[PDB]
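Everything on this sheet refers to the single structure shown next.
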Number of protein chains: 2
Amino acid sequence: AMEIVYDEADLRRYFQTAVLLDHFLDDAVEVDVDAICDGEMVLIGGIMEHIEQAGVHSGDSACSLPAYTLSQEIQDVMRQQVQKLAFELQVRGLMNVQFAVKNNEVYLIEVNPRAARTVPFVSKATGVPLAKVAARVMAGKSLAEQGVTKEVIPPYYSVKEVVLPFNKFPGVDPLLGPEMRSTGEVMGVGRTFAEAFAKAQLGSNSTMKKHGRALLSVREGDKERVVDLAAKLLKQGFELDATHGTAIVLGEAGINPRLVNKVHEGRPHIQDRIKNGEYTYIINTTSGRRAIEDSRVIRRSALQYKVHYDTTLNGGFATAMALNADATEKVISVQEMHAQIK
Amino acid sequence: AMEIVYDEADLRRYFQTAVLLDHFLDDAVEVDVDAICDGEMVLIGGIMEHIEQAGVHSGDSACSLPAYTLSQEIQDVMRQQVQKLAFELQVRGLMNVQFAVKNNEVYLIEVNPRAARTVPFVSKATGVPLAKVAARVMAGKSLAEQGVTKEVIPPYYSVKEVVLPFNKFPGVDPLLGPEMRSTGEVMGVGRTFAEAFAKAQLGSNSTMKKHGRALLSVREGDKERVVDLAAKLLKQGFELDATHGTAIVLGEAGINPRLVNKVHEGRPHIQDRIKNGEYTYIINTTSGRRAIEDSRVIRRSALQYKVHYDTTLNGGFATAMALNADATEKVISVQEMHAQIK
Ligand SMILES: Nc1ncnc2c1ncn2[C@@H]1O[C@H](COP(=O)(O)OP(=O)(O)O)[C@@H](O)[C@H]1O
Ligand SMILES: Nc1ncnc2c1ncn2[C@@H]1O[C@H](COP(=O)(O)OP(=O)(O)O)[C@@H](O)[C@H]1O
Ligand SMILES: O=c1[nH]cnc2c1ncn2[C@@H]1O[C@H](COP(=O)(O)O)[C@@H](O)[C@H]1O
Ligand SMILES: O=c1[nH]cnc2c1ncn2[C@@H]1O[C@H](COP(=O)(O)O)[C@@H](O)[C@H]1O
Ligand SMILES: NCCC[C@H](N)C(=O)O
Ligand SMILES: NCCC[C@H](N)C(=O)O
Ligand SMILES: [Cl-]
Ligand SMILES: [Cl-]
Ligand SMILES: [K+]
Ligand SMILES: [K+]
Ligand SMILES: [K+]
Ligand SMILES: [K+]
Ligand SMILES: [Mn+2]
Ligand SMILES: [Mn+2]
C-alpha cells in the first residue's frame, strides 16, 4: 500500500493504519524509456511522455509517443542517462527506465532491466519488433548484426490509454494513484497529438461529449492552471459549473462559472446534478487522504452515471485538445503506418 | 433596546441579554398618514408610503408622497380608519397614523395625536401649511371656516430620504432597524417616482454611481426577489459579485455573478474588495441578531470606503429605478410646484 504523505501529521496518520521514504516529486512529468543493450551500443526503443504526472502509476497513465510537451534537450538527458545506465548494469536485452521531469531537471525513479509492459505499444508505434531484437540479442546476435542500430521517430502520433476495473467494484473510489489498477490498454494514432489522444480516449470506452456542461472542482495546486482549462472548455461551447473555491479563482480571472454546492453544502449538490444528467464532463482533482476520502462521492456518482471524468489536470488538458479532433475522420492501417516510416 | 426575535431560542437569548410582545409584520409596507380633525371633519394631509418595509423605523425610512406602490383601494381603507380614529379619540388639530400593509390587509401600528415630524415635508409637498391650519383649528377656527377641506394630491412625486450619523461613530454597525438613528432629511421632487427618488438620493449625499460593480449579499428571505434586482443591475451595465448563497440562487436563475469570499472564508474577501474599490454599489440584507453581528464587517467597510449601500431590498429596488433618472436634469422651485396644484 504506497501512499503520498503531505505533512508531519499526515506521516503519523499513515503510520497507524500501516518503510521506504522518498521525496515526492510534485508537479513532475513522468517518462518511460524502453531500450536495448547489446553491450557495444544502445538502441533507444522509445521515449514515452505520460499524460498523467508522477504520482499516478505508469501502469495507469496515458502516455504519448513521441513526447507531446518535453524538450528535445531534456529527452536528450534521459537518452544519455539510459545509455549510461544500460552499460553500467550490464544490460543484455531489453530494459526500461522511468524518469521524472521537474523544472528542466531529470530525476531517476527506477530501472527495470527487463521487458516492460510498454514494449508492444512501443513496438507497434515504431515498427520495430523490440522483443524479437532483444531476444536475438540475448542469444548472441548484435544490434549491429541485426542492422537495428538507429532510433525510430515516427511521422505520426502514438498515444496509449488505459482501461480500469472500477465498474466491476463499485464500492471502490475510481481514482488514480501510485498503485496500478488498470487491466488493459488501447492505442490512438493521429497526425497530431490531439488526434492520437482522441483516438486513445474513444478507444478506451470514454463517454466524453463535445458539448454541454463541465464541472470544475480542483485541488489547491491546480487552481492556477484550471483557468486555461476552463477557458478551453468555454471556447468549445461548454457551459460551466464549479465548486466554491474553484469558482473563486475562475472569477478572479474573468470567468464566471455557475456555482454548485458540495454534498454537505446544500441543494442541489454535485451528486444531484450528476445524477440528473447535468454534466457531460467533470474535471476533479484532489490531494490528500482525507480530502480524497471526503470527495469520493463525486467520482463514484460520475462513474455511475457514465459521465466522462478526469482526475488529473494534465488529463483534463489532453481531453480538451482532443475536442479539436475527429477520431473518425481518418483511419490508418498499421502496415501503412510503418510504411510511412523512413 | 427594541429587538425583533424570530425563534424561541432567540427569545431567551434576548431575555438574558436584556415587557411588550408584538407580532412582527414581516414583508409589510409601512405607511404614514398625517391628518387634521376639527371635531366636525377630518382632513387628510398626506399618505406616505415608505420605501423600507415595516421593521425599519419610519424616521429612518425614505418615503413617497403620493404612495408609489399602494392601491387606491388600500389607501382608501386607511383614509377611513384615520377618520374613525380621529373622531373617536377626539383629535383637535394634527394627528398622525402609522399602518402596516401585509397581504392586502391594513394593520394599525400606532397613533400619534400630535404634530408628527412628517408634517413639514407633507406641507412642502402639498402646498398646505398643516401646522398653520391645525393651529387655527386648535384656536377655534374650523377647517370649513379656513377653507381647507379637501385633500391635496400633488401632480409630481415627493420623496423624502434621511441622513444618518453612522459616519460620526465608526464603531456602530451602519445598519437600519426599528429604532430611529437618523439626524436629518432631504426632499426630492420628480415627475416620476424614479426621478423624485434619484433627487432624494443624491441630496442625501449618496455616493451611488451609474456604472461599475455591485456586491449582492442578501438573506434567505430576500433570495427570491434578489434575482430581479440582479437583472436590473445587469441591464444598467453593472457587473456583479456575490456571496456563496446568493451566488447559488443567482446561478439557478441564469445569473452568474462573480464569487467573493466572506471575510472568514478566506481571501479574496468582501472587505478586501470593498477596500480596494471594486464596488460602486452594495446590496446587503441580513436578519437576526447573530447573523447581523456577524456580517457587521460588510456594512462597516462599505461606509468607511464610501460605497453606496442599501440594507433593504425595497431600498435596492428604489435605487435601481433611480438609475434611470437624472437628478441634474430638470429643476423646479417650490413656488412652481405649488402652482401646479390645481
Ligand atoms: N519519488 C517519486 N516521485 C513521484 N512519483 C513517484 C515517485 N516514486 C514513485 N512514483 C510514482 O509511483 C509509480 C510507482 O513507483 P515505482 O517505483 O515505479 O513502483 P513499481 O515498482 O510498482 O512500478 C511511478 O510510476 C510514479 O508515478
Ligand atoms: N408589529 C410591528 N410589525 C412591523 N413593524 C413594526 C411593528 N411595530 C413597530 N414596527 C416598526 O418599528 C417602528 C417603531 O415602532 P413604533 O410603535 O412606531 O414606535 P415609536 O414610538 O418609536 O414611534 C415602526 O416605524 C415600524 O417600522
Ligand atoms: O460534495 C463534495 N464533498 C467533498 N469534497 C468535494 C465535493 N465535491 C467536490 N469536492 C472536492 O472539492 C475540491 C474542490 O474544492 P473547492 O476548492 O471548494 O472548489 C476537490 O478537491 C473536490 O474533489
Ligand atoms: O464577511 C462576512 N462575514 C459574515 N457575514 C457576511 C459577510 N459578508 C456578507 N455577509 C452576510 O452574508 C449574507 C449573505 O450570505 P450568502 O447567503 O452566502 O450569500 C448576508 O445576510 C450578509 O450580511
Ligand atoms: N489514464 C487513466 C484513466 C483516466 C481517467 N479518466 C482519470 O483521469 O481518472
Ligand atoms: N433610508 C435610510 C438610508 C438607507 C441606507 N442606504 C440603507 O439602506 O441602509
Ligand atoms: Cl464493490
Ligand atoms: Cl465609534
Ligand atoms: K504518471
Ligand atoms: K519496478
Ligand atoms: K419603514
Ligand atoms: K411614537
Ligand atoms: Mn515503476
Ligand atoms: Mn412610530
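First the proteins, then the strands, lettered A, B, ... as listed; each starts at 1. Just so you know, ligand 1 is whichever comes first in the structure, and atom 1 is the first atom listed for that ligand. Both backbone and side-chain heavy atoms feed into the values below; hydrogens, waters and symmetry mates do not.
- Salt bridge absent: A/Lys223 and A/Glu252 never bring a charged side-chain N and a carboxylate O closer than 4.0 Å.
- More than 12 heavy atoms of other residues, nucleotides or ligands sit less than 6.0 Å from atom CD of B/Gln340.
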Derivation and outcome, side chain to side chain donor-acceptor pair (under 3.5 Å), residues B/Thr207 and B/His308: CA-CA 5 Å; B/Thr207 62; B/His308 180 75; 5.1 Å; no
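- Put simply, the side chain of B/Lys199 never gets that close to the backbone of B/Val189: no donor and acceptor are under 3.5 Å apart.
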Working for side chain to side chain donor-acceptor pair (under 3.5 Å), residues A/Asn261 and B/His244: CA-CA 9 Å; A/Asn261 268 142; B/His244 188 102; 3.1 Å; yes
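- By the 30° and 60° cut-offs, the orientation of the rings of B/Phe238 relative to B/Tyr281 is perpendicular.
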Verdict with supporting geometry, B/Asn284 and B/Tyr309, side chain to side chain donor-acceptor pair (under 3.5 Å): CA-CA 7 Å; B/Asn284 169 229; B/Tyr309 70 95; over 6 Å; no
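- Annotation: protein N, O or S atoms under 3.4 Å of the K ion (ligand 11) (waters excluded) comprise B/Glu30 OE1, B/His50 ND1, B/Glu52 O, B/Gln53 O, B/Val56 O, B/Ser61 OG.
- When atom types are taken as modelled, the side chain of B/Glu3 and the backbone of B/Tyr14 share no donor-acceptor pair closer than 3.5 angstrom.
- With salt bridges taken as basic N to acidic carboxylate O contacts below 4.0 Å, none links B/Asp38 and B/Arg92.
- Using modelled atom types and a 3.5 Å distance limit, the side chains of A/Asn256 and B/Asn256 yield no donor-acceptor pair.
- Listed by chain and number, the protein N, O or S atoms at a distance under 3.4 Å from the K ion (ligand 12) are B/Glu110 OE1, B/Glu110 OE2, B/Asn112 OD1.
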Chi angles and distances behind the side chain to side chain donor-acceptor pair (under 3.5 Å) call for A/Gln271, A/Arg273: CA-CA 5 Å; A/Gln271 191 275 307; A/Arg273 301 200 155 152; over 6 Å; no
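- At a cut-off of 2.8 Å, measuring from the Mn ion (ligand 14), the protein N, O or S atoms that fall short of it are B/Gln98 OE1, B/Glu110 OE2, waters left aside.
- Checked by atom type, the side-chain pair B/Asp272/B/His269 shows a donor-acceptor distance below 3.5 Å.
- Listed by first then second residue, pairs satisfying side-chain hydrogen bond (donor to acceptor under 3.5 Å, both in side chains) with a partner in residues 318-332 of chain B read B/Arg191-B/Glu329, B/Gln201-B/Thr319, B/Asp310-B/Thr319, B/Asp326-B/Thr328, not counting sequence neighbours.
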